[PDB]
Amino acid sequence: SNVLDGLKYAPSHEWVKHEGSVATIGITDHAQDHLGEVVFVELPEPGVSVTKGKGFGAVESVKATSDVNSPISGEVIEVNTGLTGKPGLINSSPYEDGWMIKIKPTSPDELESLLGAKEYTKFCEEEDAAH
Ligand SMILES: *C(=O)CCCC[C@@H](CCSCN)SSCCO
């Protein structure tokens with residue numbers, strides 16, 4: 001599991017990349033690895049609001065269907081419609097082409113409660129080690 005240096009991470013294995021007025025959201029390399037082959041993604045409609053810590057979509061693999069929760073609150077301004085044709089982009093590039101939603105974050109300080117990269121790598125170590 002690759003973990004990128006400038007993202008913030010939630011315990012449930014979703015990342016946020018923040019770039020000013022916009023925050024992009026996807027699930028991590030860890031998350032796709034443990035999901036297996038992703039066969040379907042349920043993404044929200046544009047204009048919808050997402051709230052920090054609440055499911056905004058689901059990702060269906062050959063073995064599981066999990067909720068993907070929003071790491072921060074805001075408004076879905078854009079959705080990766082690429083995931084309809086190739087869902088697998090989540091497996092092949094969880095941090096670049098497999099991004100799920102782009103939001104306009106409504107509460108910026110939310111970023112400060114998320115895990116930075118060493119805290120998330122460590123938590124993933126503790127999870128891998130918990131079996
Ligand atoms: C197979 O049974 C694995 C279930 C899928 C687990 C992964 C879901 C990530 S989608 C982001 N919410 S994460 S590993 C277990 C929980 O930390």
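Atom set for the values below is all heavy atoms of this structure, side chains included, hydrogens, waters and symmetry mates excluded. Numbering of ligands and ligand atoms starts at 1, following listing order. Residue numbers run from 1 in the order of the sequence given.
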Under 4.0 Å from any heavy atom of [X], which atoms of ligand 1 are there?
X     : result
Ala64 : 4 (C)
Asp67 : 11 (C), 12 (N)
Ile27 : 11 (C)

Rounded distance (nearest 0.5 Å) linking atom CG of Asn69 with atom CZ of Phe56:
8.0 Å
Does only the side chain of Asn69 get under 4.0 Å from ligand 1, or the backbone, or both, or neither? Count heavy atoms.
neither
Counting heavy atoms only, which of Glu127, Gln32, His13, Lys63 comes nearest to atom 2 (O) of ligand 1?
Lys63
Would you say the side chain of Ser73 lies within less than 4.5 Å of the side chain of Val50, judging by non-hydrogen atoms?
no
Taking C-beta and beyond as the side chain, do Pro11 and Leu115 meet within less than 4.5 Å on heavy atoms?
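In contact.
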Residue, atom name and distance, where the atom is the protein heavy atom closest to [atom]:
atom                    : answer
atom 11 (C) of ligand 1 : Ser12 O, 3.1 Å
atom 8 (C) of ligand 1  : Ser66 OG, 3.5 Å
atom 7 (C) of ligand 1  : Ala31 O, 4.0 Å

Does atom 15 (C) of ligand 1 have any protein heavy atom closer than 4.0 Å?
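No, there is no protein heavy atom closer to it than 4.0 Å.
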Scan side-chain atoms only and decide if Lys52 and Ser113 contain a donor-acceptor pair under the 3.5 Å cut-off.
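Yes, because at least one side-chain N or O of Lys52 sits under 3.5 Å from a partner of the opposite role on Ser113.
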If only side-chain N and O atoms count, and only distance matters, is there a donor-acceptor pair under 3.5 Å linking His34 with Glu127?
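Result is no, nothing qualifies.
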Check the surroundings of atom CD in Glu45: do more than 12 heavy atoms from other residues, nucleotides or ligands lie under 6.0 Å from it?
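It does not: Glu45 CD has 12 such atoms or fewer within range.
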Taking atom CD of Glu119 as the centre, report whether more than 12 heavy atoms of other residues, nucleotides or ligands fall under 6.0 Å from it.
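Yes, because the 6.0 Å sphere around CD of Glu119 holds more than 12 heavy atoms from other groups.
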